[PDB]
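Here we start with a single chain on its own, the form deposited without this ligand, put down as structure tokens.
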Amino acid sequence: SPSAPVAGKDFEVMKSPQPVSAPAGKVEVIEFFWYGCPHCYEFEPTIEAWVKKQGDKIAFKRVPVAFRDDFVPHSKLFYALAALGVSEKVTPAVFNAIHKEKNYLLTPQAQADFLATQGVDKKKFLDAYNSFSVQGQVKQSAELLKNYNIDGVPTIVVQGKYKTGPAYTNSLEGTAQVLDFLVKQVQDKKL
């Protein structure tokens, strides 16, 4: 408790909390991230394991972030993969293309060509990428960026009210520690 995360420092209490898209008994956890962000990439195995370990106790989602027009195709990519039901399978390879192969996947054609090597049909992918539904989700992700006042990635939000991430904690391990703390406090009705 002397070692407990410090409100204002290790996490931020949002002045305008947001609606929670989870039923009573589940804590909502949202990760704002960008495929091109080295910290988001390093954090993947850490957040994946933690999420799996919580199970039904939480409702977890990622929201992609496009800080510039050039990166909007990465938000389209995120939602197109989810639309095709292949996110779980191909996402590691996407991160790897960007961070290790130095392929930034900045256009729908570059994405289709790459995902084709991972077994995704090009025409199905492009039809998803260009779909009205994916367009809607991308415009929606941009509104969420504003609603949660997100200005760095990765940012973790708990129960629509508490934000943390390496910008607050310095370290990715610290981010995970703060997240775990916040969720338990929310469960205990202390936050």
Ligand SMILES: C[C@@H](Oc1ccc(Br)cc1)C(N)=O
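All residue numbers are counted from 1 along the displayed sequence.
Only in words, not in the display: the form solved in complex with this ligand, which the text now covers.
- Taking a 4.5 Å heavy atom cutoff to this ligand in the deposited bound form, the contact residue among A82, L106, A93, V120 is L106.
- Contact annotation: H74 falls within 4.5 Å of this ligand in the deposited bound form, judged by heavy atom distances.
- At a distance threshold of 4.5 angstroms between non-hydrogen atoms, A112 is out of contact with this ligand in the deposited bound form.
- Within this chain, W34 lines the site of this ligand in the deposited bound form, having a heavy atom no more than 4.5 Å away.
- Across the options 51-59, 34-42, 126-134, 141-149, residues that bring heavy atoms within 4.5 Å of this ligand in the deposited bound form belong to 34-42.
- In this stretch, 40-67, not one residue has a heavy atom within 4.5 Å of this ligand in the deposited bound form; the partner itself is omitted from this view.
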